[PDB]
Structure formats: C-alpha cells, structure tokens
Amino acid sequence: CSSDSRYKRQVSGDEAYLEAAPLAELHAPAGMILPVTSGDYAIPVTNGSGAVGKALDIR
Amino acid sequence: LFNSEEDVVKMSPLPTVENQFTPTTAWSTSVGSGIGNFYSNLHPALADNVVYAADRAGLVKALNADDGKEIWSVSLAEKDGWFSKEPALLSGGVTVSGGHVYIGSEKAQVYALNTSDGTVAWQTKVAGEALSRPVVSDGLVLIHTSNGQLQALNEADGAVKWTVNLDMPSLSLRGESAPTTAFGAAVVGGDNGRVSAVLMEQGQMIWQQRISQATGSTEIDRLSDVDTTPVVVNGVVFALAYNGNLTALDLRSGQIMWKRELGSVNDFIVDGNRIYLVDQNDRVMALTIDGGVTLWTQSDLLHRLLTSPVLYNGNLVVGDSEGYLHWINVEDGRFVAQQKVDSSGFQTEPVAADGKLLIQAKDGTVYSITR
Amino acid sequence: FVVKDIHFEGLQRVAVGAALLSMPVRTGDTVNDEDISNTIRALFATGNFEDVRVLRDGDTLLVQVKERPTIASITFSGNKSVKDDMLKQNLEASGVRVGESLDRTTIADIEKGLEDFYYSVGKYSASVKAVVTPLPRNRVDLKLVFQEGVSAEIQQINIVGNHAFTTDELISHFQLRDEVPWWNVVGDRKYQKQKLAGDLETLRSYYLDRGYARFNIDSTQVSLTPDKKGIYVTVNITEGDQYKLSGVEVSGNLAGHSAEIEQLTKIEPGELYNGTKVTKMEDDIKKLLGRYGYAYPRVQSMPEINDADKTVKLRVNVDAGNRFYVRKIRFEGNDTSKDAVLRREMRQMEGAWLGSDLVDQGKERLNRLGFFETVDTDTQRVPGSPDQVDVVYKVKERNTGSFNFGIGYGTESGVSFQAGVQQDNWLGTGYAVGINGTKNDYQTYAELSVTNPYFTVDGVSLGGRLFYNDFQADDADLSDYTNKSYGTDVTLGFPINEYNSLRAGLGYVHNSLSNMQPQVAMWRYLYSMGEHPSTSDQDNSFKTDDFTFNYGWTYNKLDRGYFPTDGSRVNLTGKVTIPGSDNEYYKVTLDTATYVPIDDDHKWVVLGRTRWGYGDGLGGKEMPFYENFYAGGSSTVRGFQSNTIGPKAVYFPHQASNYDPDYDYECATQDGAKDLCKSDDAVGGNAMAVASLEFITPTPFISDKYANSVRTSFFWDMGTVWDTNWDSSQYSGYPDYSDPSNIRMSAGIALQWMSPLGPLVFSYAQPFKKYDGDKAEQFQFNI
Amino acid sequence: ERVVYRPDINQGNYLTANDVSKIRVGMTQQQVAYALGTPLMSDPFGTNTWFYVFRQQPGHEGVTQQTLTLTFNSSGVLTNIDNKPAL
Amino acid sequence: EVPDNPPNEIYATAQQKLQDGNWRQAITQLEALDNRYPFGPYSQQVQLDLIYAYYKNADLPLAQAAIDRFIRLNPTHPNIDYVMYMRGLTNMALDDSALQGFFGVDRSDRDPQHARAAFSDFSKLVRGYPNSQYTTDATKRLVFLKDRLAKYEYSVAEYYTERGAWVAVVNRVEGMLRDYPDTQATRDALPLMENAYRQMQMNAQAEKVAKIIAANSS
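Those protein sequence lines, which keep their order, are chains C, B, A, E and D. Numbers given in the authors' numbering equal positions in the first sequence, counted from 1, plus 24. Numbers given in the authors' numbering equal positions in the second sequence, counted from 1, plus 21. Numbers given in the authors' numbering equal positions in the third sequence, counted from 1, plus 23. Numbers given in the authors' numbering equal positions in the fourth sequence, counted from 1, plus 23. Numbers given in the authors' numbering equal positions in the fifth sequence, counted from 1, plus 25.
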C-alpha cells in the first residue's frame, strides 16, 4: 500500500512564523483618535526565554 | 430463493392431536368474514337455537342450531358515513336479551337487533368503539368503551343513561375491560392495569384499585391484550391486571384477598375453587380462588394463542388462534380431544351453548361442535 | 480497631489512595464496623467497584474489591438494519460504553431500554439480551444478543367523530389515490407513530382551510391488535362547524406600511375560514417588514372565532423592528477560496437597511455559484441596536476531482487509450481544471483548458483553451483522412447583469490534412473551398489555418451548482470568421436549461434539454463539414451510436486511398464496396434541431448518503440534424437531409451517479423512430 | 461610457424626513437613538458624529445618495443635523 | 494495531513507535495505554505523546482533542505551554493548509478561522505561560499572525471599496483599526476610508482621514 504515515518533532513549516512580521504601526492624529486592537488581537510580547523552530520540543 | 427474503417469530403449534372423545361438528354454516384483524370483541353467541351470529362485514345471521340454516339474516352494512360505508365491524360481542341482539360496533354504535328478523330494534352510539361486549341489565346496556366510558344505554328503546369514564388505559391501549355487574355495581377492569367496582346505577365509584402494570413506562403485552374484565364470582372480585397479573380483591373496597402479580394470564375462568387460566405460554393452570395455589396445570398446551377454557362434553374445551379446538381433562391438563374444524385460527372462545360448541373465527365463521 | 494497613484487592481505575480516601476509615483512622459497612458503600460510591469486601486483620483492613472498569469492548449480535451504534446509544442511554465502569446490573437496562426503544423503532416484536464477557484483569466485552422478531405496521386509521368530510378522502389528501379501477395505482404502508403525528395536522390543515376553526381532534385510541403488528387507530375528532374568515382587523406597530399590511390581509369577509392562508398572510407582512429592514417583525393574527354566525374575525397584531439591521455581514467557510469571491456573490450589502431577500438572492447566487456543497449563513443579531445584525455566511465548499475514460485496449494491442480528468476548481483556487486527450494510431490528441473565472475584478474568466490533434486515422499510414489540427482558443466572459453574462473569444484552427475521404460532402465543401479535390481517390490534402471569432452570452436564474430544481437558463454561444482565416464562415448555437417543477417537493421537475445550431459560409464558402452538426450516442437523442442522426454522404467510386486496406475501411474503394458507396454515418448537417426531455426523479429505495447529487432521469429523446447545404442530385439515390423532417425518436432513463469523481451519467434508450443511417446503442455508456 | 444594462447597487443607513423631525440639535444621542437606533457609521475620530449616509447606484449617469451626519457633542447632545444629498 | 498487552509493554512499544515514527502504530499503543489501562504513570506523557503523536500523524483536531484530554487529564502540568502551543499549532494547520501555494494562489485572503484560534492559543500561551520555551515562538506566531489576520479583513475592507459600500468601507477599515491598527494593511486601508467619505460627499471627514493618513501611515 502506498498510503503511509510518518512525521517527527518540529513547529509547523511556516518558519516565517518564527519571525513575527514587521507591523507598520498606526498612531492617530490629535482630534482624530481611532480605536485599538480588540478581539483575538492581543500580544503579550514575550520572546523572553523560549525556543522557536526545531528547538521547540514537542512530546 | 424467494423463501430467503423474509423474517419470523416463534410459536409451538398443536402438541397432542387428541381424539379420545373424538370431536366432530354439530354443524358448520359460516357467517362470512367475521372477527377480523381489528382488536375485536365480537364473538358468536347461541340463543333460542336461533343462532344470532354476526360478522364484521355487516352480515348478522340467525342460523338454526342443528344445521345453521338461516332463521333470519340481516346485514349491518349501513350505506353512509365518514368512511362512506358502514359495516357491522363489531367492538362488542353478541348480546341477545329480549327481542334485541345488542352488539357494540367500531362504528361506535351499540345496536339491538330484533331477534325475530335481525332488524335494528334500536341502536345507540357509544364513545367510539367499545372495549366491551354489551352487558345488558338494570335497564342498561353496560359498555366500557375504548375511551374508558362505562356507558348505560336503554336496553329496550335506546337511550344513554350514564356514560361514565372510569379507567381508560395508559396509552389508549386495547383489551377487554368489560363492565360486569356484581352486587349491583358495575365492576370494570381497565387496561391501565387496574380494576374497579362502580355503582352501576349512576356510575358511582365503589373503589378503584391499581393491580399492576400496563403499557407505558413498563412495556407489556401486545402479543395478547389481557382482559382486565373481572369475573366476579362472589364479593371477592377476581380479575387480572393488564400485564396479565391476576388479582382477587374485595368487591366493596378493592381490598386484595390474594393476587398473582406474577400473572402472565391471557384468559382466565373460575372453575369452582380452581381458577382455570390461560397463561402467556398458552398453558392452562388451575390456581385456587383463595390463592395462586396450582391445583393443576397444563403442558399439553404450549404457545398456542388459545381461547378461554370452557366446558363441554365433560372436558375442558379451549380453541386457539391456530384454529385447533382442544378438549382438556378438567383436571391435570391432559387433552382428551382436539379438533381442527377451522378454516382459520379461532380468535373467539368456544361457545359451549345449546348442548353444542359454537365458534366463529375471523374467516372460520360459524361452525359448531359436538364430540 | 484502627487500621495499620488497608489490603487493596484489585481496583483498576480508582487509585490505591483514591480507594483509601473513599474509605471513610483511612489507614491510621480508626476502624469501626459501621465504618467497614461505610467502607463498603462509599467504595460502592466509587462507581467503579462492583463488589467491596471490607474485612480487617484485627484492625488492619482487608478490603477485597471487585471491579467495574474499563469495558474493553461491546459486541452486538442480531444487530439488524437498526444500527448497532443506535443499539449502543440506548446502551449509552443505559450509561454504558467502551472503557467504562461495568456494573453488571444494567444488563437488562440495556435490554429493556432497547426493548422500549424496539417499541419506538416501529417494531414491538423485538428483544435483546446483553451478555457480559470478561476481558483481562477486570475488563469486559459486552456481547449483545438482539432477538428481533418482526415489526409493526399501520393498517387503517379509524377517525371517528368526523362530521365534515370522510376519513378516506383525508387519507387521500394525506397521501393516497386509487388502485386499478381501470384508473390510477398506489403503493404500500408501514408503522411509525410520527407519521401519525404528521397526518393529524394534515387532518387539521385539511380542516383549517375549508372552514373549521372549531375543528378539534378529540382523542385517539390506537388499536392494540394482539399481534404486535396491527396498528389500527380509533381517532376521535370533531369538526365543530364550518367557519368563515369574516374580517381582518389588523393592529399594532404596522411600521407605516398599514395599507400594504392590509393589502396582504385583503380577505373576503364570510369566506370559509382558511387559517392556513391567515398564517401565510402573517408571513406576507414579515417579509414585507423584513424587506423594509425590520428583520424582526412581530405579526400576530388572531381569529376572533365568531361561532354565532359560524365565522371568525381576524385580529392581527403586527410589530416591526428597525430598518438598518444589516450593520455588517461575515463570511465563514472560505478557508479554500477567499472572502471577496464569496463576498461578491451577494446582493445584501453592509451599511444598509435589510433587504430580506438580498441575503437570499446572494445565497441563491451562492447556490448558483457551484464551488460549494452547502449554502448557509448565520444571520445573527448583534445585540445592542435594532440596526444591528451580523450575517455570517458560513458555507461548505466544493468536492473536487472528476474523471472520464475511454479504452482502446492498450498494452494488449497498440498503445491506445483515451484520457481525461477534471479538477473542479482544485483547492478552491478559482481555477477550474479539466484536461483531456488521447493517443492512438489514429490520433494523438492534445488539449488544455483552465480559467480563473474572476481573474480581473470585472469577472474576467481567463480561459485559454488549447488543442493539438495529431490525428491521422491511421490504418497503416496516411491513407484515410489525416488531419493534424492544432492551435488555441482564448475566450472571455463578462457579466452584463447579475443573471446575465456575455462571452467572446477567438479561434486559431490550423489543420494539416492528407488523403481525404473520396466522398461528396467532403469534396462538396472543398468545392466551396475553391478546391476540386479528387473524387475517386484519397490523395487529397488540406491545410487550413482558420482564424475564427467566437461569442456568446448566458442567462442564469436556476438553482444549484450541482443539483438544481427550479428556474431557467439561456446560454448563447456562436462563432464567425475574420480576415486572416483560410475559410470564411460562421457557426451559431445556443443552449438552454429551464426547470419547471411539477412536484413542488421538486422530486419531479421538467428538465428540457434541447440543442440548436446553424452555420454556413460568410459568402463564397461554406461552413465546413467538420463543423456541421451531429447527434446520436451520448447526445440529446441517445440510445444511438455516436454521429447517427444527420445527413449521409456518398463515397465517389474510389480506388486505393494511396493505400487501401484490402476489403477494410470501405470508402467505395478499390477492394470492396466500390462504385458510389454511401457514407452511412452522420457526416453532418449545417443545421441542427435535437431535444431531450428529462425529469428529476427521486430514488425511494436508495441510501441517500449520495442521492443529494444523484438524479435518475427519464426521457423521451427526439430530433434531427440536417444540412441546408445538402445536395439532392449528389444524394439522389441517397439520404437527403435538406429538410428537418428527419425527426428521430428514442426514450428511456438517464442515471446520474454522484461519484467522488463527480456525477456519472448512464443511459438506456430504445430508439422507436429513426431516420436514414441511424445506428442504435441501447446500452448507452456515458460519463 | 455608454452602458445601458448593468447591475445596480443600493446602500441604506439613511434617515427619513420623519427621522429628521423626531430629532433636533440639542437632543441627546439616546433620544436620537430611541427613534432612529444607531447609525451604521459614526465618528470614532472626533465626537459623536452619527452618520446615517444613504447611497445608491441607479445607472451610468448620476448617483443617488443622502449623506446625513448627526454631530453630537462629548455629552452626546446633538449639535448638527447635516442633510446632504448626492453630490 | 491496538495491543492488549500490559500497558508498560504497550508503553515500551509506544515510545518505540514514536521514535520509530510509526504513528499509525504509535497512537494505537498510546490509545491502548490510556483507554484500556487508564492508570498509566506516563498517562500524562502518553497524552503528551498523544498530542504529539496525533500531530505526528497530522491528526490536528485529535491533537486538539488530546489537548482537551490533556486539559482534562493534566490541567496541573508544566507542558500545558506545550498544549497552548500545540493548540495553536493545530490551529495554524487547522486554518489554511492546501497544496495551492506552489502555483501562486493565496490562502490569507482565505479565512483565518483557526488562525484566529491560533492567535488565541499563541496568546493563551504568552498569557498562560509567558515564560516557557513555547512562549517565544508563540510570540513569534502572534506578531506574524496579526499580519496574516491583517490581509483577510483588508481584502474585506477592499471589497466594500469594490462594492461602493463606502459606509462598509469605514466599518471594515476602522473595523481593521478596531482589530489591528498596527499592521501595514491598516495604513493602506486608511486611504479607502479616506476615499469612502470622499465618495459620500464627506470630503471633510475624508480629509480628516487624510490627516489620519498623515499620522497613522507614519
């Protein structure tokens, strides 16, 4: 049978997602203040110590 | 090939083909298409030797009790209705009192056919079909309908005296819950699994006693609708619950003298001090009247779909819905005779009347038996 | 007593301390004999300990346990068409599953719970016995005997208390017609108590329209025929009397549309009461207020049933919402195609009041999309405003992949085969891919076909079709009609409306021929070509590089991308020639698809499939015979071989084909069939008139896992192909097809089968009227 | 161009002439919103400028639009009912 | 495939067929581990391996089901940061995973359904474990994933710019700015709203957005 099954340890093949896309920010002018990130969009930024890529062991 | 496409259930038909007092027919005169595929309480009756017999296809006879020749004949095939045609279709048995053949129908009519010609000397409607044969006494025709209504129709001219709902079944089940008059009170069972004596002369409750289970949350008999109709020999009401569960209880209070809440009892008669009863195995068993003390039982009848055990020619007679009449020893369960006179299965009981044994199956309509 | 050690004799899901904690006397806690019995019940309160024998070694507890846990399997036997997982689910209703606490008490709870289920199956003669089969160290298999004898059947509904109609006409107007009075014929019956539940309101809605506001079903007594099979029912009803709708007095918030709401409820006072019309007229107001933006309109009719004149009086209580409910919309199920493809398939826009059917027409446009399996939405009210609803259009996308095949028995003969595959917009790319081709000795055909249907914003259907037919019809060599046809076909569609879309394209038809067939209609168009090629010989070559201009337009109002049921579609497509062509002609056609539902359940819809075509020269030429039209085979008149219906050419009295297969491939040639043979196959008419009259038909005996796109489809197929360029002295003693009085006829059923390789159609048709040179293939195999 | 046959596009979130007359400069946001609900556009940038702005495409030449801004102050009290048609 | 051995033999053959990579067989050990014998001392590590081996058999929602199993089995565990990653790591591959990428067909204009959910879990990582080995790559997920979630609803905001639904431009463009006023797509949706008011004769409100372009596009 040609139907098979094998895959080992890594984060997913988007290793672009180890790089955390350069977000071109938006500061509102005065008197023209707009709302902010809401919904899912909340990033507690902690690239403080932690593994990306293959180094992120999953088991 | 063609046989391999179907599916089955089980019965054990005709053990002990017996002819020790070799049964024959008294006559055979078949009425027509009789007792049918409905829940039916129509059964043959034999009166005056003028055999007032009926089918469900309209036709009501008076056969003659030697050969079954028509003394009169009519048809209750009414020519109009909300089915566009109304046959007899009888939810009650043949009650012949006076010049009235009272029969309750699934046309909701309780007729009273004049026994000289068969013409309807009165008919009066009941609430839908009946659970009951017409019980004619006290100026009343006692019908307990499928709607649980103990009704009283004027047995001479037709007039509703009191239609009294007492014990409608739990899921509108069927089965006989016929109102029997005992000690002045109409004593009704009920395929709610209960029994009740009720003052017949207005429909006033003497007592209501739940005996045991009916269909609905305790799923029981649709192989054989158990008659909760009480055979009240004396002020111990003897009855069954709708799950077959036999009871003996007071007629004025419903206080239980004894009860078989083990009853698989299909048919049941009080034969002296020995309650002869057809169980769900279609065995005949003689329990006492002061207990379920088996005075005798039967293994010669087994999975037969029997009728009620009656007596004729010195033997316990019971036909079955395999159409085999049987003559059981009145003691311990042995056949003496066995008769297939049927072209059918005998749904109705062997009417041991006029010195004969009158029957009428669903299409095996009126034969009559001597041995 | 105070326990120094608790003896644990087998637990298997409850831990050692977790058993010990469920013991109210723990190791170190004092043992009481009441605590021992408390140790029994509270380890019985573990829900995993079948038996618990709490003893003690003086005080040192000896808790001998039997175990309920993991039921390692559950076996079913007698598990007939009522499925064993449903038999597991009433067992799951008995609290039992695989990997579970087995208390061995719930055995009959599985059984009588299933026997009560067996009652509500439709049977009553159906029993079940559960069997415990132990597996390693506590584990159990639950074997299950199922003793199912026979099922119950509804026989006849005795509706007593019926004083307006008869019972049987109700049963006729539930489902029935007559049975062979030398008139119509009907079917069979079985039991289910919900069919009883359904027809009683079909009883009531038969009363609710003919009057009868005080119609009421009084009671109901099912006959327990003592068989567990005979389901007669004694139903008490009461018609009450006929009733009239005697006036509408609509009130409440009619939202400033009061005449309109009255216009929907314009009734006849004294007209026999139609309560079914009344609730409809409520819905008339609801869509009226809905299309007026009020997405949540209360409409509450109230017939003040006036029994004194046997009438009713319609109070109506209407209350609309606010207009701008469509604040914004959402799109889900667009993980394979983008939002803006699905977003542009709508007529409801945000920043608007609600057009109630703008959601639906776009959903019908999404039904007319075809890249889907489902079309649904979530029109959710965002709370906070009466101008606030999110319409979350969640749909399910396309099932892709489709194949077509023909066989030439390759690798057991010459390497000969017919290919072809369709990708059905693979992965929702907006690239529908369908590619075919074939390599025989006769031909080596190449073809390409793909489009982005929306490649630019105005619906640019970027479709470039390619072809290279290295076709020779090789018998041994280039002797019988070589044609190396090659080139391209780039075509574009543009929407002129929301249901109207145009088409235009161009064709490059570069053909390379040799030794063409020695026959009239071949040479006759080539006589119109300005050639006069050899009648009596296949020695004649042809190079045409035709520069053709294609065009078209479509109508599209017809439901579904892969199982439509109602509407109409017109599909114009034609072609013409331009300068630079090697031949000057046109060829115009049209396709139609109009669905007329006879059944309003749309299991029986008229599906008329007919084909038209005409083409001739643009002056001084002809339309080619290879562009002349045909029919037969898989065509709209099936039951035939391919190219049967049409004009029939005549071979000139012919010699070798520059090589004649000896008494083979007969073209009036030198070896056999000589002296003006007639080309018996349909060589083609430059005009066409053919039709196929198909129907939706449900499959009432098929598992409907796949019948959502399976259509059994009967037909009566008929038509003609005929050449207005046909000669009649060349075809004097031969088939003349200058007239469309060549109406063939066939009839039969098409069997459309939804595979994972798409719909697969198959036909059987017996042609009972044919014309000249028709051939018959009743066993018709199609894709 | 010269197109004659086209799809046509509406866009509501309007205010009727009844809707303008229910409200007034000085009325609160809420007393507006009790009769009109919310607009489907406001000003997050700046004050409460409630935009009930109708649009419609009726064909090749010309356009249909009712742009109405309800400018409420920081207290949400109405300060402008700016009726503005197409163009 | 599923053995009925003692579980540590099943666990021995489990950790074999994981490191053998026999995920057709490894899961059937780990399932026979925790389902038949739900008393494994490694049943956290089995369910750790189950989220692993399901994902290692590319059983993404079953990894998510084993995640919710591990949420239910070990909500007291140092590898819920694993779970919070493998939650979103499922929801990365749950969202857009088609073979259409090599030929130049976008999947970010396609729905970020579980890319929303991956953003939740990779935030629920960097919320619930803001310290872990998994928290950095989840932070590497989020700032990248906000830009993937930018390009979907930007294509929605451009759609009402196509539609002429200019109120629905602003409801989408500020809807983007209510969602991600830090992505480059929000700087570039900002002229569409600036167009949108300008087509609706709110040129002054449009030129307000032009000064918003003068700030927010910087």
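Where is the CB? At the ideal position from N, CA and C, for every residue including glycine.
Report the neighbours of residue i on chain E: residues whose CB is nearer than 8 Å to its CB, in chain order.
i, result
"C:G55", "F68 and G69"
"D:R188", "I32"
Mind checking which residues open and close the alpha helix (DSSP H) that includes residue i?
i, result
"A:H196", "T190 to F197"
"E:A58", "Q52 to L59"
"D:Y159", "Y159 to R188"
"A:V382", "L381 to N390"
"A:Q403", "First-last for A:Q403: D401 to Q403, but that is the beta strand (DSSP E), not the alpha helix (DSSP H)."
"D:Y222", "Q209 to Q224"
"D:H139", "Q138 to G153"
"B:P371", "Unbroken run through B:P371: none, as it is neither H nor E."
"B:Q234", "First-last for B:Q234: undefined, no H or E at that position."
In chain D, which residues lie with their C-beta within 8 Å of the C-beta of residue i?
i, result
"A:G122", "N60, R61 and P63"
"E:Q80", "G189"
"A:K351", "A193, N196, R197 and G200"
"E:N36", "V192"
Would you mind stating whether residue i and residue j have Cβ atoms separated by less than 7 Å?
i, j, result
"B:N213", "B:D242", "no"
"C:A48", "D:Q209", "yes"
"B:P251", "B:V299", "no"
"E:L110", "E:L101", "no"
"A:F31", "A:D82", "no"
"B:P44", "B:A262", "no"
"A:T93", "D:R61", "yes"
"A:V26", "A:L84", "yes"
"C:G74", "D:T53", "no"
"A:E420", "A:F395", "yes"
"A:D241", "A:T261", "yes"
"A:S537", "A:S564", "yes"
"D:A51", "D:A78", "yes"
Taking C-beta pairs closer than 9 Å, name the residues in chain D that residue i reaches, listed in chain order.
i, result
"C:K78", "In chain order: nothing, as chain D lies at least about 11 Å away."
Taking 6 Å as the cut-off, is the beta-carbon of residue i closer than that to any non-hydrogen atom of the ligand ZN?
i, result
"A:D464", "Ligands displayed in this structure: none; no statement on the ligand ZN is therefore possible."
Can you list the residues of chain E that residue i reaches, using a CB-CB cut of under 9 Å?
i, result
"D:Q226", "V76, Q88, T90, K107, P108, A109 and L110"
"D:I237", "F68"
"A:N594", "The contacting residues do not exist; A:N594 stays about 18 Å from chain E at best."
Using the beta-carbon of each residue, which ones in chain B are nearer than 8 Å to residue i?
i, result
"A:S242", "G149, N168 and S193"
In the DSSP assignment, the beta strand (DSSP E) including residue i goes from what residue to what residue?
i, result
"B:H165", "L161 to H165"
"A:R79", "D74 to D80"
"A:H30", "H30 to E32"
Starting from the beta carbon of residue i, find every residue of chain D whose beta carbon is closer than 7 Å, and list them in chain order.
i, result
"C:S62", "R203 and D204"
"residue 2 of chain C", "The structure shown has nothing for residue 2 of chain C, since chain C only spans 25 to 83."
**OP:** List in chain order: all unbroken beta strand (DSSP E) runs of 3+ residues lying wholly within the region 72-101 of chain E.
**Re:** Taking only runs of at least 3 residues, the beta strand (DSSP E) segments lying wholly in the region 72-101 of chain E are 87-95.
**OP:** Could you tell me whether the region 44-55 of chain E touches the region 347-365 of chain A, where touching means 3 or more Cβ pairs closer than 8 Å?
**Re:** no
Subject >> Inside the region 140-201 of chain A only - alpha helix (DSSP H) runs reaching at least 4 residues >> reply: 190-197
Subject >> Continuous beta strand (DSSP E) assignments of at least 3 residues falling wholly in the region 60-132 of chain D >> reply: Entirely contained in the region 60-132 of chain D, not one beta strand (DSSP E) run reaches 3 residues.
Subject >> Length at least 3, wholly inside the region 523-573 of chain A: the beta strand (DSSP E) runs in chain order >> reply: 523-537
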